[PDB]
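The structure follows.
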Amino acid sequence: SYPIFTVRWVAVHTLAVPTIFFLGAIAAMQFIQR
Amino acid sequence: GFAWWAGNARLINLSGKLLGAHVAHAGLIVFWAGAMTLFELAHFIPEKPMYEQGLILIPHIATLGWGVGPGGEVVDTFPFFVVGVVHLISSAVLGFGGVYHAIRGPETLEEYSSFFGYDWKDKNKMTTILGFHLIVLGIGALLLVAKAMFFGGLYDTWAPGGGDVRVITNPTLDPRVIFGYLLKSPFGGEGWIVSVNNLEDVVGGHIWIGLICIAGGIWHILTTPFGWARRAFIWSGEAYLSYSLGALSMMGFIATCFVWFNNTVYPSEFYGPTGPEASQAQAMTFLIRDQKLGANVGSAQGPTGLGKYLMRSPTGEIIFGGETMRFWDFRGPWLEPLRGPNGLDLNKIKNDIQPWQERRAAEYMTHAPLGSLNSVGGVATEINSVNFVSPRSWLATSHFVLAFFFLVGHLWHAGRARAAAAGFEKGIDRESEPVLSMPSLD
Amino acid sequence: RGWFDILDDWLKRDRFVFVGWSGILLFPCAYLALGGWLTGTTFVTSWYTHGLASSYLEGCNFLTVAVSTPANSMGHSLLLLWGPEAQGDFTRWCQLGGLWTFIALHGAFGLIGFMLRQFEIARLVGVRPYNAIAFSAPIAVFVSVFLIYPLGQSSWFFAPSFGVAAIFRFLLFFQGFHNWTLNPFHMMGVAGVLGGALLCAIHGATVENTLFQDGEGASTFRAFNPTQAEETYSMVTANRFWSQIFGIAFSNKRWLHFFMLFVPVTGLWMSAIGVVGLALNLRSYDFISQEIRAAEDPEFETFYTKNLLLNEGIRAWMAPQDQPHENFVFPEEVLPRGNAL
Amino acid sequence: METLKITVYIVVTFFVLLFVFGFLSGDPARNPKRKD
Amino acid sequence: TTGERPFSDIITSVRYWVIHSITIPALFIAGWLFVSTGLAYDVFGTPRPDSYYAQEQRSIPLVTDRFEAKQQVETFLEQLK
Amino acid sequence: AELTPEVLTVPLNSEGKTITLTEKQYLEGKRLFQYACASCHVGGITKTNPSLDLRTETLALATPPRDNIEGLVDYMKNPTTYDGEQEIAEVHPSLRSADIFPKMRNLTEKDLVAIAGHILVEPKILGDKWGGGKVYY
Amino acid sequence: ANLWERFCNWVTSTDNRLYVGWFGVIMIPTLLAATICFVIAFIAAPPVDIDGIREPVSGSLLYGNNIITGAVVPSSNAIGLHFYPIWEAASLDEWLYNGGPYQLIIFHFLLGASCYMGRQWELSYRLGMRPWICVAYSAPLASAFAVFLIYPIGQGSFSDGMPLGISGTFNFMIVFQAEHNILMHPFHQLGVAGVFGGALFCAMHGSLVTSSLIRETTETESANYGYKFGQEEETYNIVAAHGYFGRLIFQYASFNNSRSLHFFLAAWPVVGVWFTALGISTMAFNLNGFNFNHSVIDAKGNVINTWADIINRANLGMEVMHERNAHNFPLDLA
Ligand code: CLA
Ligand code: CLA
Ligand code: CLA
Ligand code: CLA
Ligand code: CLA
Ligand SMILES: C=Cc1c(C)c2cc3nc(c4c5[nH]c(cc6nc(cc1[nH]2)C(C)=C6CC)c(C)c5C(=O)[C@@H]4C(=O)OC)[C@@H](CCC(=O)OC/C=C(\C)CCC[C@H](C)CCC[C@H](C)CCCC(C)C)[C@@H]3C
Ligand SMILES: CC1=CCCC(C)(C)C1/C=C/C(C)=C/C=C/C(C)=C/C=C/C=C(C)/C=C/C=C(C)/C=C/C1=C(C)CCCC1(C)C
Ligand SMILES: CC1=CCCC(C)(C)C1/C=C/C(C)=C/C=C/C(C)=C/C=C/C=C(C)/C=C/C=C(C)/C=C/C1=C(C)CCCC1(C)C
Ligand SMILES: CC1=CCCC(C)(C)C1/C=C/C(C)=C/C=C/C(C)=C/C=C/C=C(C)/C=C/C=C(C)/C=C/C1=C(C)CCCC1(C)C
């Protein structure tokens with residue numbers, strides 16, 4: 001008996017979800033050549 | 001009583017596990033010496049000066065006379081490879097002994113053998129271990145004398161002809177010279193022992209130091225500390241570590257200045273020019289350039305009233321002008337042919353500069369030990385293009401940092417050792433707080 | 001038991017991150033300021049406002065990436081997304097500097113929210129609100145530097161841009177143009193920050209080195225108990241030590257910890273005031289007596305005159321690239337330069 | 001000047017010897033707990 | 001101590017990692033694509049390496065009007081078509 | 001803007017013939033210029049004689065003309081002063097002096113062309129920065 | 001009862017209002033020599049030819065300076081790193097022109113300040129304290145060694161050591177930026193973090209303790225009279241301060257252990273300032289800040305400026321103006 005979805009759950013995913021996406025976009029960028 | 005983050009302090013009285021820690025760490029050192037050499041050799045290109053290539057170990061080997069010929073021209077790479085391999089291989093034996101003694105060997109030694117066991121507080125056993133290591137160190141210093149005198153000599157940047165490997169036949173034994181260095185001022189124009197500028201003196205000093213160290217090793221095996229020494233020191237493992245942290249810190253600062261200033265045992269052919277060298281080389285360069293154009297460099301007054309190319313030092317020696325006036329203590333083999341007894345000689349300057357000297361000065365000027373942390377060569381306002389930071393900047397900065405922290409480590413451990421020896425390293429006894437039994441100050 | 005009370009109940013529940021009424025202002029605005037800065041520094045340029053690249057996408061690294069200020073031509077426009085400048089075009093909004101105002105304004109309302117949170121939690125817990133009070137110092141700095149300073153100038157363009165090296169550029173600008181190091185209000189801030197850092201270190205070290213022996217272990221941390229009545233270190237021995245080493249010491253733990261609040265807070269407040277002056281170009285640029293003497297006496301030189309030559313260098317050498325809207329063209333022959341360099 | 005040099009060499013040697021011999025005079029024992 | 005589930009107990013749990021070994025890579029790949037497709041350039045207006053200047057141009061296309069600024073950058077972008 | 005063939009097109013000789021480099025040759029030449037020449041000629045200046053630069057107009061007024069692949073390849077073999085009156089191989093890197101300038105040892109004939117090409121292309125891209133010094137940094 | 005032993009007892013006595021000690025025996029003369037020379041020089045020294053170009057800089061009050069512009073000026077570049085005691089000058093007039101007093105002051109100060117640090121160990125031992133307060137002071141001390149000794153050694157001249165004055169300080173830090181790009185150096189960035197963070201945690205700790213003082217007083221008296229020097233009970237409620245601060249962030253970002261908290265207070269600004277002193281000490285050997293000048297170029301190869309290029313334009317204007325008469329050749333290599 002613990003909740004799964006909390007205010008806590010929301011603040012965490014507020015930050016972590018776009019962090020990864022952002023990390024992926026920045027990884028892709030190391031291979032851009034001019 | 002120690003936490004995980006001070007967990008190596010759990011080894012203080014486990015002489016066997018502590019042996020393994022030391023010998024395993026010794027393996028790490030030999031591993032890096034070997035691995036780093038092979039990395040440098042794998043990346044080495046002979047047609048490029050070493051100091052355009054970020055090499056710090058090949059230059060130490062070359063300096064011992066291996067792999068190089070006249071000019072520091074690299075002649076044979078195999079000695080480098082050999083040095084790397086033998087170190088790398090030797091680290092497995094030390095790794096083996098270390099993990100054995102740290103994990104499976106007897107935790108403590110003094111029950112297995114009364115020879116290898118020790119108590120930190122046993123002043124006679126400690127001076128005996130000290131003695132053995134002094135002898136080893138003395139042997140090591142003599143190994144360098146043997147190389148220089150009997151197995152091919154050493155690289156001599158001052159060898160007539162641009163530099164070459166030269167066997168040292170007459171090492172300096174005169175103690176007025178050898179110990180004279182130890183009494184010269186550490187300030188400019190003097191340079192304490194950093195000013196040693198010929199290999200005769202280098203080799204002779206290692207003769208003295210080898211004998212001194214062997215002598216003291218025997219001394220300390222045979223004696224016990226006298227009472228004034230017993231009453232002045234703290235006798236514990238931490239105290240002894242603190243003493244050596246202090247000694248290593250002082251040695252690190254010396255090494256820093258050695259590699260920044262000295263171009264004899266760090267030849268500029270391998271390490272690049274010193275800061276002062278590079279700065280002298282720039283004034284040399286434009287003096288050459290301007291004189292070819294017709295300028296009379298001796299009579300040319302610069303904006304300040306001081307000579308544009310040449311001026312006097314405060315003791316009168318004719319020296320290079322501009323800001324490099326600060327570096328007139330510089331001595332280098334490309335420059336000395338121009339010096340007479342009053343300093344730089346105007347008639348040699350007008351008449352006797354050689355192309356090889358023009359070349360060397362342009363080369364050193366453009367390889368001054370200035371560079372960014374990301375290895376962009378030159379002044380800090382320079383654009384990207386040249387991938388270059390001098391080995392001397394890398395060696396000077398790294399060892400200043402390590403020297404500093406070992407001084408912090410000395411203070412840390414010396415204070416702790418004193419407080420643990422007196423019994424208050426863990427805090428003040430509430431029921432016996434010294435200050436509360438002292439009279440008030442006011 | 002009306003609904004306002006029900007929501008108060010819910011806002012003020014004890015949970016891993018407290019929410020509060022202040023959370024309604026704080027959390028959206030904090031997240032949006034922070035999100036705007038990560039968004040602009042990853043993807044958004046400064047080409048059209050500044051002539052600069054400024055995102056990871058363009059090849060900048062963490063030191064050079066920035067959310068740059070709007071073009072000088074925008075004046076002090078709020079640069080609302082729906083405003084007459086961007087006319088609702090997200091893309092144009094980004095290219096005109098809209099994320100700068102986005103970040104600065106949501107940041108300002110987050111700061112308020114955060115300080116209201118310090119007030120709200122302190123009232124619910126029953127402690128005095130000195131941590132909110134102390135936080136007035138960061139607020140003063142933020143408003144005066146990011147808001148007041150450029151509002152006194154021609155445009156937002158001249159505020160700090162939100163980036164590591166852009167901030168370094170801001171420091172250098174203030175030296176060349178405002179001679180900001182000469183300003184006594186900055187000097188008091190310097191003393192407040194440096195004296196803060198000293199107090200922080202000397203108080204920490206003193207406590208750790210006048211500890212009572214309350215446990216048997218060599219790690220002294222284990223022998224504290226957050227609910228013990230007893231002081232964990234000796235104020236008495238601490239006071240004799242510092243009286244004998246430095247001549248004076250603290251004797252009063254309350255005064256000491258108030259002084260620790262007082263010093264860095266005041267210092268920041270003083271610097272804020274000086275930047276308000278610079279909003280109006282009201283600088284301490286010069287000493288009149290020095291300039292009169294130096295104009296008349298070409299042998300008179302001080303560190304004050306040496307530093308203004310450097311300011312003069314800075315301005316002429318950075319102005320054309322740093323203010324592209326001015327179309328400064330300085331031919332080589334007008335650039336100030338010493339000999340040879 | 002040479003009189004000044006002499007004087008300073010002397011004063012300095014004096015203080016440095018006070019320091020060396022002071023710490024040689026059983027400094028570990030001058031604490032409040034365990035004296036040796 | 002407040003009633004949410006301890007973090008140490010979530011990130012060691014088998015259920016946790018069953019989801020997040022999908023959700024983490026998907027987001028990392030979603031972000032990749034955002035760049036590799038070119039979409040990031042278009043959403044944000046960010047110049048590509050080939051489109052800061054026109055071929056014989058060395059003028060920055062600096063905005064210089066407040067209320068005509070939108071039209072200005074649109075002009076500079078046709079000067080590259 | 002991009003590295004179009006028109007920018008990669010440089011004079012081959014004084015006659016007026018021309019040659020179009022590839023991107024490959026250009027970047028080849030840039031790399032080799034950093035290896036062998038930038039220690040003194042970073043950005044088209046000459047750190048040990050700032051009065052002589054690598055701008056196209058300067059090379060053009062050199063004796064013999066050096067604003068072309070032929071003149072530059074020759075210069076790298078047998079460098080002369082600006083008026084052509086004396087050979088300066090003893091103090092300037094050159095294939096003629098690769099014994100004293102070791103970095104020239106492994107430069108091949110096409111390497112020389114890529115280096116000369118870089119020198120003539122870069123002013124077309126960078127403008128007055130090339131050879132202009134810190135004023136234009 | 002013997003003479004030497006009674007002297008030793010007074011030197012190391014815990015009963016002197018100010019502790020002397022064996023470190024004190026060197027500290028006191030050297031700091032008196034440095035203090036006295038500084039005060040006299042600041043008021044009345046004549047101008048000093050710092051840069052060795054027969055261009056003397058006026059540093060003292062009687063030669064037309066105020067408190068903000070005055071300084072003891074560094075010794076002459078013509079001297080470099082040569083030792084220049086008084087007795088090496090033909091006369092005091094020469095010693096003054098060439099900047100003798102700077103050398104006297106910095107060597108006496110760095111000595112006395114090193115002994116200051118040792119004196120901190122010593123009295124700690126005489127009082128039964130733990131010993132590492134002196135380790136915290138090594139951070140400021142290392143910083144003073146860097147700007148007065150290390151940077152001169154690496155650049156080859158005390159003329160490039162930090163002036164002893166307010167505007168001289170600024171001159172030093174502007175020239176440093178042009179020659180080393182110190183802003184873009186990670187060790188300086190850690191100094192700022194150590195110093196901003198230090199002032200932050202100072203304010204935090206003071207506001208938290210102050211927020212949780214236990215009511216011992218009335219509204220008409222200073223709260224400070226609620227604590228009596230030497231009382232055994234702690235004077236604030238740490239659980240209340242933990243309870244507020246952990247809810248201001250979350251529980252586990254807050255300290256309930258006062259020992260860890262105060263050790264944190266000590267280590268953050270100390271370590272940051274070690275690194276920034278290490279910054280000056282390694283830029284002394286010209287391992288400079290990150291250089292990203294022209295690091296971004298476009299498809300054709302046009303340079304696309306960043307904020308680092310703007311910093312460079314400002315550094316360039318510092319470079320070309322500083323010591324405007326001292327350079328005859330195109331590169332400022334030290
Ligand atoms: C130079 C680095 C170094 C070395 C040599 C040691 C050595 C040692 N430590 Mg210390 N330690 C270090 C760094 C180091 N430590 C650091 C950085 C920390 C901070 C986290 C600690 C924290 C720490 C704690 C907390 C404790 C020690 C303890 C010990 C001792 C017992 C360890 C043991 O039984 O492990 C058992 C470990 C294993 C069985 C795992 C395998 C380990 C092997 C050796 C890995 C090596 C692999 C290698 C590739 C093999 C090469 C083989 C080939 C050459 C034949 C041992 C002598 C302990 C002690 O004092 O005991 C009384 C102890 O309690 N250490
Ligand atoms: C300084 C490092 C050091 C020290 C003090 C010791 C000390 C000890 N070891 Mg350890 N050991 C070490 C290194 C060290 N060892 C290394 C490097 C290895 C791997 C080769 C081992 C492997 C090892 C094993 C496998 C065992 C020990 C054991 C022992 C104990 C008995 C020694 C004895 O009677 O040997 C007999 C002595 C000899 C045979 C003489 C050896 C002569 C050596 C090899 C030549 C030395 C020359 C020179 C100094 C080396 C440098 C050469 C190099 C530069 C190329 C003793 C406490 C034993 C023990 O305690 O078990 C319970 C045991 O079983 N050791
Ligand atoms: C690793 C090296 C090492 C170490 C750690 C020791 C350690 C020790 N030695 Mg041994 N010693 C060594 C090498 C070493 N020795 C060698 C090679 C020799 C042969 C010369 C000796 C000869 C020797 C003798 C003859 C004696 C000792 C004694 C002692 C003990 C007292 C040391 C002491 O009080 O010094 C502290 C030193 C002083 C109080 C005076 C030193 C003042 C100098 C001038 C300071 C200079 C520092 C300066 C900043 C640097 C520049 C150097 C300068 C010359 C230019 C101690 C156990 C004593 C003892 O008890 O023996 C049983 C003793 O009488 N040692
Ligand atoms: C010969 C060198 C030497 C030796 C043998 C010791 C030995 C010891 N020290 Mg001392 N120490 C030293 C040097 C040394 N120290 C130096 C130079 C300093 C100055 C900073 C200190 C400062 C110091 C403190 C403050 C303390 C000790 C303590 C201790 C004890 C436990 C240490 C431990 O377990 O750490 C375990 C190891 C760790 C926790 C990890 C440390 C990791 C470092 C900080 C990171 C370095 C990162 C690297 C440079 C770059 C990263 C690159 C990346 C790719 C990974 C042990 C007796 C403790 C003590 O007093 O016990 C009695 C203690 O509290 N030491
Ligand atoms: C409380 C949280 C909060 C706060 C304080 C702000 C504050 C701000 N935002 Mg941000 N924003 C937020 C949340 C917040 N935002 C959220 C959750 C999002 C995601 C959707 C955004 C997205 C966002 C964007 C995209 C932008 C802003 C902008 C702004 C600024 C201008 C706001 C404005 O003009 O309002 C005007 C409107 C009001 C003040 C509302 C007043 C409400 C009245 C009292 C009631 C009227 C009721 C109605 C008429 C009755 C019915 C009518 C009939 C049809 C039935 C300002 C700094 C702009 C900015 O930063 O500019 C650069 C901008 O471009 N915000
Ligand atoms: C650069 C230095 C600096 C930083 C980064 C900083 C940061 C902080 N200080 C805080 C607190 C404090 N600061 C204090 C005193 C001080 N703080 C100082 C200096 C700083 N303080 C100084 C010198 C002092 C001494 C007086 C106190 C007394 C407190 C606290 O009580 C509080 C705390 O809890 O600390 C433990 C925190 C407030 C959290 C918050 O508002 O969340 C909400 C976040 C919001 C509202 C978003 C703000 C958005 C900002 C304003 C604009 C955008 C910024 C970009 C996203 C990032 C740009 C990065 C580039 C510039 C490189 C935060 C960690
Ligand atoms: C003791 C301990 C307990 C707690 C944890 C901690 C890890 C810190 C710890 C410390 C462990 C330590 C430091 C471990 C030491 C291990 C060491 C030094 C390992 C050394 C291994 C060396 C080996 C095999 C070398 C292999 C060499 C080979 C084939 C050479 C082959 C080669 C040759 C011959 C010609 C050139 C090419 C090539 C392929 C390289
Ligand atoms: C080998 C070589 C190669 C190149 C040329 C050269 C000729 C120079 C050459 C020769 C070099 C030679 C022979 C080097 C000699 C080095 C010598 C003798 C080093 C001297 C070391 C002495 C030192 C530190 C003494 C430190 C003393 C300290 C702690 C005293 C501390 C104490 C004091 C002061 C009071 C009481 C308490 C306590 C703690 C004992
Ligand atoms: C480098 C390093 C050393 C220490 C260790 C460590 C592992 C931490 C490490 C690595 C850390 C790294 C590289 C961290 C990188 C994290 C990054 C890139 C995270 C990015 C998070 C981005 C987020 C939320 C973006 C949120 C964006 C939002 C709201 C934007 C909102 C909006 C905007 C901006 C305009 C209006 C419309 C809308 C939607 C309202």
Side-chain angles (χ1 to χ4, degrees), chain A residues 25-34, chain B residues 374 376 383-387, chain C residues 41-48 50-66 95, chain E residues 32 34-42 44-61 76-77 79-80, chain F residues 1-9 20-34 38 42-44 114 117-127 129-130 137, chain G residues 290-309 312:
Chain A
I26 304 170
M29 287 174 207
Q30 308 307 329
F31 305 99
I32 303 183
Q33 312 278 317
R34 57 175 189 108
Chain B
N374 59 316
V376 188
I383 57 171
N384 271 271
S385 272
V386 178
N387 187 200
Chain C
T41 57
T42 299
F43 296 110
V44 177
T45 186
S46 307
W47 194 230
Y48 306 101
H50 271 93
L52 302 168
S54 69
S55 53
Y56 300 135
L57 180 54
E58 290 171 281
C60 287
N61 61 60
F62 165 67
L63 306 177
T64 55
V65 101
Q95 296 167 314
Chain E
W32 194 289
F34 188 51
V35 169
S36 53
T37 67
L39 183 65
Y41 293 100
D42 299 324
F44 290 105
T46 295
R48 290 174 174 81
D50 60 337
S51 51
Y52 288 90
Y53 303 90
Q55 181 52 38
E56 281 316 318
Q57 195 203 331
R58 284 189 197 92
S59 278
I60 311 299
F76 297 119
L77 306 173
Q79 292 177 357
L80 283 28
Chain F
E2 17 181 320
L3 241 201
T4 72
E6 325 81 43
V7 45
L8 291 168
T9 289
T20 313
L21 300 135
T22 69
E23 241 196 49
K24 176 115 293 182
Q25 287 181 295
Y26 170 78
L27 305 160
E28 206 55 27
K30 183 177 189 189
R31 192 259 272 99
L32 291 163
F33 183 87
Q34 298 196 1
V42 57
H118 186 56
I119 288 170
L120 293 172
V121 164
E122 205 65 8
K124 297 163 65 143
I125 294 176
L126 293 181
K129 303 204 176 67
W130 182 255
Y137 284 1
Chain G
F290 288 119
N291 179 338
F292 301 122
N293 306 326
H294 299 198
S295 283
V296 183
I297 59 192
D298 77 356
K300 191 191 172 175
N302 308 290
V303 180
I304 306 298
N305 289 327
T306 75
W307 283 118
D309 298 292
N312 203 40

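Here is how names work: the chains are called A, B, and so on, in the same order as the sequence lines, proteins then strands, and each is numbered from 1. Only heavy atoms go into these numbers, but all of them, side chains included; no hydrogens, no water, no symmetry mates.
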**Prompt:** Backbone N or O of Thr22(F) within a donor-acceptor pair of the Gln25(F) side chain at under 3.5 Å?
**Reply:** yes

**Item:** Side-chain touch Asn302(G)/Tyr52(E), heavy atoms, less than 4.5 angstrom
**Value:** no

**Message:** Contact between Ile304(G) and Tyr53(E) at the side-chain level, heavy atoms closer than 4.5 Å - yes or no?
**Reply:** yes

**Prompt:** Under a 4.5 Å cut-off applied to non-hydrogen side-chain atoms, are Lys129(F) and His294(G) in contact?
**Reply:** yes

**Message:** Testing the basics here: between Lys300(G) and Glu2(F), what is the closest heavy-atom pair and its distance to 0.1 Å?
**Reply:** CG-O, 3.4 Å

**Heavy-atom side-chain contact between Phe290(G) and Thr64(C) under 4.5 Å** = no

**Prompt:** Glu122(F) pairs by side-chain contact (heavy atoms from CB on, under 4.5 Å) with which of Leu126(F), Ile119(F), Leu120(F)?
**Reply:** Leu126(F)

**Request:** Could you tell me the separation between the OG1 atom of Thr42(C) and the CZ atom of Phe34(E), rounded to the nearest 0.5 Å?
**Result:** 10.5 Å

**Complete:** Correct closest heavy-atom pair for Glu58(C) and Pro47(E) would be OE2-CD, 4.5 Å

**Message:** Using 0.5 Å steps for rounding, measure from the OH atom of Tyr56(C) to the CG atom of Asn61(C).
**Reply:** 8.0 Å

**Asked** If we ignore angles and hydrogens, is there a donor and acceptor under 3.5 Å between the side chains of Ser46(C) and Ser54(C)?
**Response** yes

**Prompt:** Going by the angle between their ring planes, with limits at 30° and 60°, are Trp130(F) and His118(F) parallel, tilted or perpendicular?
**Reply:** perpendicular

**Item:** Least distance between heavy atoms, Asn291(G) atom then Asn384(B) atom
**Value:** O-ND2, 3.6 Å

**Request:** Show your reasoning for whether side-chain contact (heavy atoms from CB on, under 4.5 Å) applies to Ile125(F) and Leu3(F).
**Result:** CA-CA 9 Å; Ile125(F) 294 176; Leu3(F) 241 201; 3.8 Å; yes

**Message:** To the nearest 0.5 Å, what is the distance between CD on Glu28(F) and CZ on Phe33(F)?
**Reply:** 15.0 Å

**Prompt:** Is any side-chain heavy atom of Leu57(C) closer than 4.5 Å to a side-chain heavy atom of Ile32(A)?
**Reply:** yes

**Fill in**
Heavy-atom nearest pair, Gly43(F) first then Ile383(B), reads CA-CD1, 4.0 Å

**Asked** Within the side chain of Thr46(E), is there an N or O that forms a donor-acceptor pair under 3.5 Å with the backbone of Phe43(C)?
**Response** yes

**Fill in**
Interatomic distance, CD@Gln95(C) vs CH2@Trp47(C), rounded to 0.5 Å, equals 13.0 Å

**Ring center gap for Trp307(G) and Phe292(G) short of 6.0 angstrom** = no

**Prompt:** Between the side chain of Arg48(E) and the main-chain N/O of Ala299(G), is any donor-acceptor distance below 3.5 Å?
**Reply:** no

**Message:** Using 0.5 Å steps for rounding, measure from the OG1 atom of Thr4(F) to the CG atom of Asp50(E).
**Reply:** 12.5 Å

**Fill in**
On a heavy-atom basis, the closest approach of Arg34(A) and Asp298(G) is NH1-O, 3.1 Å

**Asked** CD of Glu23(F): more than 12 outside heavy atoms within 6.0 angstrom?
**Response** no

**Asked** Is there a donor-acceptor pair closer than 3.5 Å between any side-chain N or O of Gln34(F) and the backbone N or O of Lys30(F)?
**Response** no

**Request:** Among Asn293(G), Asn305(G), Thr306(G), find the one that has a side chain to side chain donor-acceptor pair (under 3.5 Å) with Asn312(G).
**Result:** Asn293(G)

**Fill in**
Value for CD1 (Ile26(A)) from OG1 (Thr41(C)), rounded to nearest 0.5 Å, stands at 7.5 Å

**Request:** Please name the pair of heavy atoms, one in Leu80(E) and one in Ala54(E), separated by the smallest distance, quoted to 0.1 Å.
**Result:** CD1-N, 3.7 Å

